[PDB]
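Working notes, structure below.
In what follows, every heavy atom counts, from backbone to side chain, and hydrogens, waters and symmetry copies are set aside. Quick note on labels: first sequence line is chain A, next is B, and so on, each numbered from 1.
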Amino acid sequence: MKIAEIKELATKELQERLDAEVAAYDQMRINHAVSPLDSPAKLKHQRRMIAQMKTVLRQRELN
Amino acid sequence: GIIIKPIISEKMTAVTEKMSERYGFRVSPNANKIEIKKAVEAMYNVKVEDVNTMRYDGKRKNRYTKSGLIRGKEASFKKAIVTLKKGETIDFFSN
Amino acid sequence: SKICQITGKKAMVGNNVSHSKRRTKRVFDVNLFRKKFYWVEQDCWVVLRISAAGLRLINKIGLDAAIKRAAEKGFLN
Amino acid sequence: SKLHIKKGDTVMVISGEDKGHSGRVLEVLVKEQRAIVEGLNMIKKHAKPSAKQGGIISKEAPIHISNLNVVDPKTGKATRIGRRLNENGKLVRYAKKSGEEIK
Amino acid sequence: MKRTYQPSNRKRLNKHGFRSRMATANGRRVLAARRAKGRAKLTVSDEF
RNA sequence: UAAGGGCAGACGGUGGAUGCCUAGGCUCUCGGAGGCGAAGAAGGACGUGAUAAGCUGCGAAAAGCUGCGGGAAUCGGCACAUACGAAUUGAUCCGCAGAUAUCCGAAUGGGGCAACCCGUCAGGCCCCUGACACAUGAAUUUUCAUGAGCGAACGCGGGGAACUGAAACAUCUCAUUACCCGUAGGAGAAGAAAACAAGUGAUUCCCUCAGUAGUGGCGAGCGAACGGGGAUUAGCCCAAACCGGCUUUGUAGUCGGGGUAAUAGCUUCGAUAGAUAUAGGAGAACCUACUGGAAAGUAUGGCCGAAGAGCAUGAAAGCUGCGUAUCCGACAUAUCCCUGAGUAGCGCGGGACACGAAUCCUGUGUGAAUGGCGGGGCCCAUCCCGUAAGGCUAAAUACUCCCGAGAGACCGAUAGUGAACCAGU
RNA sequence: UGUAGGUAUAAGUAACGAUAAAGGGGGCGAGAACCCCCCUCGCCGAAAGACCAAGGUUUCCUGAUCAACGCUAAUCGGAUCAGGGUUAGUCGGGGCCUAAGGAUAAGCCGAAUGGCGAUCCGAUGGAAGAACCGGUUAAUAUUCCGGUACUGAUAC
RNA sequence: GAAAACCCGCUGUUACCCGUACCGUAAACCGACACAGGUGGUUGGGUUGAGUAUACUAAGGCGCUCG
Ligand SMILES: [K+]
Ligand SMILES: [K+]
Ligand SMILES: [K+]
Ligand SMILES: [Mg+2]
Ligand SMILES: [Mg+2]
Ligand SMILES: [Mg+2]
Ligand SMILES: [Mg+2]
Ligand SMILES: [Mg+2]
Ligand SMILES: [Mg+2]
Ligand SMILES: [Mg+2]
Ligand SMILES: [Mg+2]
Ligand SMILES: [Mg+2]
Ligand SMILES: [Mg+2]
Ligand SMILES: [Mg+2]
Ligand SMILES: [Mg+2]
Ligand SMILES: [Mg+2]
Ligand SMILES: [Mg+2]
Ligand SMILES: [Mg+2]
Ligand SMILES: [Mg+2]
Ligand SMILES: [Mg+2]
Ligand SMILES: [Mg+2]
Ligand SMILES: [Mg+2]
Ligand SMILES: [Mg+2]
Ligand SMILES: [Mg+2]
Ligand SMILES: [Mg+2]
Ligand SMILES: [Mg+2]
Ligand code: NA
Ligand code: NA
Ligand code: NA
Ligand code: NA
Ligand code: NA
Ligand code: NA
């Protein structure tokens with residue numbers, strides 16, 4: 001997802017999706033350690049997605 | 001989040017061949033046994049029977065530049081040997 | 001904080017001077033002592049670390065006036 | 001800083017061994033201020049059979065960008081370019097030799 | 001023969017450690033001077 | 001006969017001199033700014049990349065996250081890397097505003113061998129983890145506000161040497177220096193006559209007065225002020241008499257608050273919003289020949305100039321590139337009757353004043369006056385000047401860790417900083 | 001008896017660090033007195049064997065490498081590079097307690113910085129709540145496994 | 001010929017944290033060195049002996065990095 005698709009979601013759905021993507025990122029990291037993936041940049045994309053999600057959640061929490 | 005990577009080595013391969021319920025992970029140095037058990041259970045949907053831990057200090061290494069030598073060091077880590085319940089398993093090759 | 005609580009007097013620095021004008025560092029000390037006073041206006045007893053000059057001021061203007069003056073000038077604490 | 005040439009532009013070499021030859025720009029190295037022009041400044045590299053069978057490989061080496069000038073779309077000649085906001089409020093490159101927008 | 005340096009980690013930290021330096025006004029003077037000089041090793045606590 | 005040796009030339013070896021080069025130093029100029037920190041600093045520890053991290057950046061959201069403005073094709077930091085991706089549905093980057101921001105450290109819940117150990121109370125999970133609170137001290141009435149620590153120089157204050165000079169040395173000098181400690185601010189201190197003088201008119205700084213008057217084992221030395229010329233310019237406010245309000249206390253008083261009154265060489269009461277800065281936009285004008293690996297060189301012939309500063313480019317470029325002169329440009333966020341009492345004065349012992357015993361200060365002991373009182377180099381009389389024992393006050397002055405822009409008949413790698421690079425390593 | 005760097009002379013000299021000692025046969029290798037295996041010989045044996053603590057900090061094991069380091073050479077190494085390797089309810093420590101001493105409270109003293117001063121800190125001491133047997137790795141084992149046990153909290 | 005804590009009397013389900021490699025009368029610690037020195041505690045078989053002396057010798061370890 002991109003930043004617009006993230007900001008389109010509601011707070012509860014965004015929360016559930018963030019907890020989903022965190023576990024997905026952990027599994028992806030373990031898999032990349034086991035066997036290097038064809039595209040390592042998927043990990044970086046997931047990491048930045050998690051950061052963007054937390055930023056939006058904080059913006060809503062203090063706005 | 002504390003699980004960094006699994007341990008693939010001859011010793012771990014032999015241990016898993018002899019037990020089949022025993023796996024190894026490299027985890028954060030400051031996680032305790034209960035935290036490791038909960039993280040493994042949440043990540044793999046299994047029942048964890050026992051956790052053994054050992055703390056490894058990182059190796060000191062030499063960084064070689066054009067001029068000469070710089071002393072450096074690798075990061076410290078913790079090894080977690082996890083034994084599951086009878087009949088359970090974890091797959092590292094799949095996915 | 002060895003210092004008079006009524007006048008603020010503290011020790012001075014000076015010289016011993018011999019007949020051949022040799023000068024050696026010295027301290028002029030305050031004639032300081034602890035004394036108990038009956039405060040009439042508050043009907044109680046107080047203990048003050050004062051000099052003989054502070055006692056002269058107390059015997060000149062009364063204890064209450066001396067204490068209020070010292071508090072105003074900051075000597076009391 | 002914005003450069004006077006870009007990838008996909010037709011340029012003319014105005015100084016050096018390849019002076020007087022035109023070509024297409026394949027890549028721009030901004031930090032070193034150089035560019036790869038297709039077909040020009042060929043070098044022979046002795047490549048080991050490591051690969052992945054070696055040999056002598058001919059390939060283009062970069063040229064300094066102050067040696068390259070945009071080819072004028074009218075007369076096909078090297079020229080200095082300028083910039084103006086004629087394209088609907090957007091800055092565009094144009095050739096001072098003629099005036100046509102560089103494209 | 002017995003030489004002058006007989007190592008003891010407990011004594012080393014008790015004598016020259018960071019907390020020993022911070023406990024005294026002159027030790028803090030030493031720390032300030034070393035920071036001003038720009039030492040990478042502030043005290044023996046930094047060493048290993 | 002040269003085992004070997006001597007001298008010269010040629011050619012090599014070693015070593016790294018020399019020449020040429022450098023943004024790394026050095027000294028300054030102008031304009032700003034002059035702090036950071038309990039909303040957790042300076043300085044560190046540990047982490048963080050697709051791949052080990054030495055630096056750099058960043059902090060479990062970890063070479064990064066969000067918004068607005070600018071810009072337009074590459075970007076994914078450096079130590080001579082590739083892969084793999086991002087990006088015209090506008091990445092990267094730049095300005096401004098936000099989000100996150102582990103542990104130690106004033107470190108502040110208690111301890112502790114810094115980066116660790118152990119807790120209590122409430123709240124959400126299930127032995128064990130995540131978010132709070134829980135230090136002290138002076139103010140305030142449990143709440144609230146401040147403080148603590150670090151840091152360049154300059155300011156003020158408390159203590160305070162010696163070597164040295166005197167051709168020895170003790171008075172004296174070095175010096176109210178070094179150093180230790182405390183504490184402010186953008187400056188600080190001083191400042192509005194109980195003054196200098198023999199007419200001037202608050203402080204501060206500069207040039208003179210002047211190495212003069214003085215002071216001094218009258219040795220070595222130390223060393224003013226008045227006046228004059230400038231920089232700058234600024235003067236104000238309390239206490240008391242008296243009149244009312246409240247409270248308290250004594251038996252109409254007497255205090256203490258707040259209000260009026262009015263403060264002195266002489267009196268007094270009473271009778272600004274536009275601009276600036278922090279990103280940016282445009283920005284003139286060159287051909288032919290020769291030499292050459294390569295022209296910017298040379299020779300021709302042209303053009304621009306409010307632009308002939310500079311740097312880069314395969315040699316030295318006004319017309320190749322970035323620029324330069326000039327003009328334009330901001331969504332934000334910043335900046336602009338009374339008159340001062342343990343006083344004036346005095347004795348003893350000392351100190352600071354240029355001054356080694358008038359003016360000023362005081363450890364000890366004393367002690368007035370209320371027209372009166374103080375000074376004019378010791379004391380007296382006259383004369384003159386001033387009005388102490390309450391307070392505040394800009395400018396002209398001092399400085400540079402930091403930021404921006406500049407400069408040098410300063411250095412050019414054994415030089416210049418210790419440090420041009422892996423440097424306080 | 002100046003300073004830095006570089007290079008000479010003495011000189012192919014002194015010396016190669018305990019007079020416990022070596023010989024042979026095979027292996028590998030381009031290269032062997034020295035490396036690996038075997039036989040023989042010799043030295044220690046209240047140690048020159050086996051353990052705990054302090055201190056060190058990857059030197060441990062394996063694969064590559066022989067430039068530098070190893071007072072010779074080296075195919076070897078405590079050397080260079082990379083990978084691997086340390087597993088605890090019962091062992092040791094810590095968590096608990098106090099000693100010397102240290103930091104402090106109320107207070108005392110003192111130009112400043114501060115100096116003292118009964119609760120806390122502080123083991124080298126006191127408590128710890130609690131086992132052994134056997135097997136297994138290239139490198140760990142009272143920790144892993146098979147038996148056999150025991151201890152502390154917690155829900156009936 | 002310590003103190004204080006402490007301790008007396010008056011059937012499941014779990015078991016946290018740190019150390020654990022290797023050297024350690026030494027080539028890995030203190031001595032600039034792979035240095036004839038220094039380094040606390042335990043164990044230390046057989047014959048001989050009063051003996052942990054002495055001589056020889058198991059287990060184990062070494063022949064001391066120039067010939
Ligand atoms: K453990
Ligand atoms: K000599
Ligand atoms: K061991
Ligand atoms: Mg000859
Ligand atoms: Mg020569
Ligand atoms: Mg977070
Ligand atoms: Mg504390
Ligand atoms: Mg003399
Ligand atoms: Mg131009
Ligand atoms: Mg130019
Ligand atoms: Mg230098
Ligand atoms: Mg000599
Ligand atoms: Mg000889
Ligand atoms: Mg010798
Ligand atoms: Mg010899
Ligand atoms: Mg032994
Ligand atoms: Mg080994
Ligand atoms: Mg090998
Ligand atoms: Mg050798
Ligand atoms: Mg090795
Ligand atoms: Mg205790
Ligand atoms: Mg072993
Ligand atoms: Mg030895
Ligand atoms: Mg014994
Ligand atoms: Mg025996
Ligand atoms: Mg014996
Ligand atoms: Na000869
Ligand atoms: Na704390
Ligand atoms: Na421009
Ligand atoms: Na040249
Ligand atoms: Na040991
Ligand atoms: Na150790």
Checklist outcome for this item: Reading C1'-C2'-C3'-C4' for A27(H) with positive as north and negative as south, the pucker comes back south
Checklist outcome for this item: Under the convention that a positive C1'-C2'-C3'-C4' torsion is north and a negative one south, the sugar ring of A79(F) is north
Quick one: which protein N/O atoms are closer than 3.5 Å to N/O atoms of nucleotides 92-101 of chain G? Pair and distance per line, please.
none

Checklist entry - Does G424(F) have a Watson-Crick or wobble mate here (both distances under 3.5 Å), and if so which one? => result none
Next on the checklist: Quick one about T83(B) and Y23(B) (side-chain donor to acceptor, distance below 3.5 Å, no hydrogens or angles considered), yes or no?
Outcome noted: no
Checklist entry - How do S1(C) and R26(B) order along RNA chain G: which one's closest nucleotide is nearer the 5' end? => result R26(B)
Considering just the side-chain nitrogens and oxygens of [X], establish if one lies under 4.0 Å of OP1 or OP2 belonging to [N].
X: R35(E); N: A42(F); result: no
X: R39(E); N: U425(F); result: yes
X: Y56(B); N: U86(G); result: yes
X: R58(A); N: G98(F); result: no

Counting the atoms with a prime plus P, OP1 and OP2 as sugar-phosphate, which does [X] contact under 4.0 Å by heavy atoms, base, sugar-phosphate, or nothing?
X: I14(D); value: sugar-phosphate
X: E17(D); value: base
X: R22(C); value: sugar-phosphate
X: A11(C); value: nothing
X: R56(C); value: base
X: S76(B); value: sugar-phosphate

Looking only at the side chain of [X] (C-beta and beyond, no hydrogens), which of the listed nucleotides [options] gets closest?
X: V13(C); options: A53(F), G160(F), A285(F); value: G160(F)
X: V28(D); options: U57(G), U171(F), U74(F); value: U74(F)
X: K21(C); options: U66(F), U171(F), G424(F); value: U171(F)

Checklist entry - How should the glycosidic conformation of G297(F) be described, syn or anti, under the criterion that syn lies within 90° of 0? => result anti
Item to check | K45(D): salt bridge (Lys or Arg N to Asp or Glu O under 4.0 Å) partners, not counting sequence neighbours | outcome: none
Could you list all N or O pairs between the protein and nucleotides 102-108 of chain G that sit under 3.5 Å apart?
none

Next on the checklist: How long is the straight-line distance from CD of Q15(A) back to CG of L9(A), given to the nearest 0.5 Å?
Outcome noted: 12.0 Å
Checklist entry - Looking only at atom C1', what distance separates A73(G) and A48(G), rounded to whole Å? => result 28 Å
Item to check | Quiz item: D18(D) side-chain donor-acceptor pair to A294(F) base, under 3.5 Å | outcome: no
